[PDB]
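Visitor: One structure coming up, written as structure tokens, with questions to follow.
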Amino acid sequence: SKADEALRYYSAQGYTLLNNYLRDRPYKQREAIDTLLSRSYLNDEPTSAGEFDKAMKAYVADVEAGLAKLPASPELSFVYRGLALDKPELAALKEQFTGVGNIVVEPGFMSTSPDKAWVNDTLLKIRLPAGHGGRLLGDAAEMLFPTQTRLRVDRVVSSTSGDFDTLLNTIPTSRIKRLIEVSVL
């Protein structure tokens with residue numbers, strides 16, 4: 001079905017385009033339009049801003065329903081994601097991510113891994129509740145999450161406090177300033 005192939009295009013290359021659009025970070029407005037026409041979401045050049053977003057959302061929807069159609073893996077309990085929080089432009093996110101009890105909403109599709117986390121300034125040990133939206137990709141290791149999944153900040157460990165070492169080694173890796181334990185709501 002079209003739903004499944006939408007997930008694959010996103011997975012193979014469309015992600016940087018789509019995620020940037022969804023996080024409302026800067027992106028190449030042309031490429032996205034070319035993509036929509038390429039994938040028959042729009043039949044002709046968009047005459048308005050309304051047309052563009054409508055189409056763009058319909059595209060997101062197809063990836064989501066595509067990601068939903070997969071089988072859940074309730075054996076998994078923890079997943080991990082490396083994060084570059086210390087960059088000056090992202091200090092808005094950094095402030096939210098460090099606050100214990102703060103809710104963080106990832107508007108795009110959250111990329112994670114059950115196996116390890118790519119080394120950065122921030123590592124996320126992500127707790128997983130029963131019946132979550134996150135799916136293992138495999139053929140499409142990587143677990144991806146549908147648009148606007150909710151995160152609760154449970155615990156923030158800086159390199160100063162002794163808690164750093166004992167928690168770190170429960171996170172497979174491959175400069176790390178902060179370890180952040182977070183639950184998916």
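Simple scheme: letters A, B, ... for chains in structure tokens order, numbers from 1 for residues in each chain, numbers from 1 for ligands in the order shown.
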Give me, as a Markdown table, the closest atom pair and its distance (Å, one decimal) for every residue of range 76-141 of chain A within a cut-off of 10 Å of range 156-163 of chain A, counting only C-alpha atoms, rows sorted by chain and rising number.
Guide:
```
| residue | atom | partner | partner_atom | distance |
| --- | --- | --- | --- | --- |
| A:97 | CA | A:156 | CA | 8.4 |
| A:98 | CA | A:156 | CA | 6.1 |
| A:99 | CA | A:156 | CA | 7.8 |
| A:100 | CA | A:156 | CA | 6.9 |
| A:122 | CA | A:158 | CA | 9.5 |
| A:123 | CA | A:157 | CA | 9.9 |
| A:124 | CA | A:156 | CA | 9.6 |
```
Visitor: Residues near residue 68 in chain A, anyone? I mean within 12 Å using only C-alpha atoms, not counting same-chain ones fewer than 4 positions away, as a list in words.
Guide: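 Residues meeting the cut-off are residues 3, 4, 6, 7, 61, 62, 63, 64, 72, 131, 132, 133, 134, 135, 136, 137, 144, 145, 146 and 147 of chain A.
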Visitor: Would you put the residues from that selection into a file with N, CA and C atoms, as a tab-separated table (two decimals), in the first residue's frame?
Guide:
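Generated output (selection25.tsv):
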```tsv
chain	number	residue	atom	x	y	z
A	3	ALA	N	0.69	3.73	2.01
A	3	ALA	CA	1.06	4.03	3.39
A	3	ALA	C	2.48	3.54	3.72
A	4	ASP	N	2.77	2.30	3.34
A	4	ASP	CA	4.06	1.67	3.64
A	4	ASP	C	5.22	2.32	2.88
A	6	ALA	N	5.37	5.34	1.78
A	6	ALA	CA	5.56	6.67	2.33
A	6	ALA	C	6.55	6.63	3.49
A	7	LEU	N	6.49	5.56	4.27
A	7	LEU	CA	7.39	5.36	5.39
A	7	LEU	C	8.80	5.13	4.90
A	61	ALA	N	0.88	12.28	7.41
A	61	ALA	CA	-0.15	11.29	7.74
A	61	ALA	C	0.17	9.91	7.19
A	62	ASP	N	0.65	9.88	5.95
A	62	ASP	CA	0.98	8.64	5.25
A	62	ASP	C	2.16	7.92	5.90
A	63	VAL	N	3.13	8.69	6.37
A	63	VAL	CA	4.28	8.14	7.08
A	63	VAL	C	3.80	7.57	8.42
A	64	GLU	N	2.97	8.34	9.12
A	64	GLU	CA	2.43	7.93	10.41
A	64	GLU	C	1.64	6.64	10.31
A	72	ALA	N	4.14	-4.03	16.96
A	72	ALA	CA	4.75	-3.53	18.18
A	72	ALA	C	5.67	-4.58	18.77
A	131	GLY	N	2.12	-0.19	25.21
A	131	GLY	CA	1.32	0.24	24.06
A	131	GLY	C	1.73	1.56	23.42
A	132	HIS	N	3.01	1.89	23.49
A	132	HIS	CA	3.55	3.12	22.89
A	132	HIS	C	3.50	3.07	21.37
A	133	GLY	N	3.65	4.23	20.73
A	133	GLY	CA	3.59	4.34	19.28
A	133	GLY	C	4.86	3.97	18.54
A	134	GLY	N	5.97	3.91	19.28
A	134	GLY	CA	7.29	3.63	18.71
A	134	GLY	C	7.42	2.27	18.08
A	135	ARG	N	8.03	2.23	16.90
A	135	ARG	CA	8.17	0.99	16.15
A	135	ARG	C	9.60	0.73	15.71
A	136	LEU	N	10.00	-0.54	15.80
A	136	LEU	CA	11.25	-1.00	15.22
A	136	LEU	C	11.13	-1.01	13.70
A	137	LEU	N	12.14	-0.49	13.02
A	137	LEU	CA	12.07	-0.31	11.57
A	137	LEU	C	12.59	-1.51	10.76
A	144	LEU	N	11.51	4.21	15.50
A	144	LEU	CA	11.02	5.54	15.17
A	144	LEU	C	9.68	5.79	15.86
A	145	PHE	N	9.42	7.06	16.18
A	145	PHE	CA	8.23	7.46	16.92
A	145	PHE	C	7.38	8.43	16.11
A	146	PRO	N	6.04	8.26	16.16
A	146	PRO	CA	5.12	9.12	15.41
A	146	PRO	C	5.21	10.58	15.84
A	147	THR	N	4.67	11.47	15.01
A	147	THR	CA	4.75	12.91	15.27
A	147	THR	C	4.19	13.27	16.63
```
Visitor: I want to know what sits within 12 Å of range 25-33 of chain A, based on only C-alpha atoms, with residues of the same chain fewer than 6 positions away left out; could you give that as a ChimeraX atom specification?
Guide: /A:10,13-19,39-49,51-57,59,89-90,107-108
Visitor: Looking at only C-alpha atoms, which of A:70, A:126, A:36, A:171 is the one that sits closest to residue 139 in chain A?
Guide: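 For residue 139 in chain A, the nearest of the candidates is A:70.
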Visitor: Looking only at strand (DSSP E) from DSSP on the backbone, list the matching residues of range 59-160 of chain A as a ChimeraX atom specification.
Guide: /A:78-83,103-106,110-112,122-127,135-136,143-145,149-158
Visitor: What's the 10 Å shell around residue 170 in chain A, counting only C-alpha atoms, without same-chain residues fewer than 3 positions away, as a list in words?
Guide: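 My reading of the contact set: residues 116, 125, 165, 166, 167 and 173 of chain A.
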Visitor: So, counting only C-alpha atoms, which residue among A:127, A:178, A:150, A:69 is closest to residue 2 in chain A?
Guide: A:69
Visitor: As a VMD selection string, list the residues of range 68-149 of chain A assigned to helix (DSSP H, G or I) by DSSP on the backbone atoms of this structure.
Guide: chain A and resid 68 88 to 98
Visitor: If I take CA of residue 179 in chain A and CA of residue 21 in chain A, how far is one from the other in Å, to one decimal?
Guide: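 Atom-to-atom, CA of residue 179 in chain A and CA of residue 21 in chain A are spaced 27.6 Å apart.
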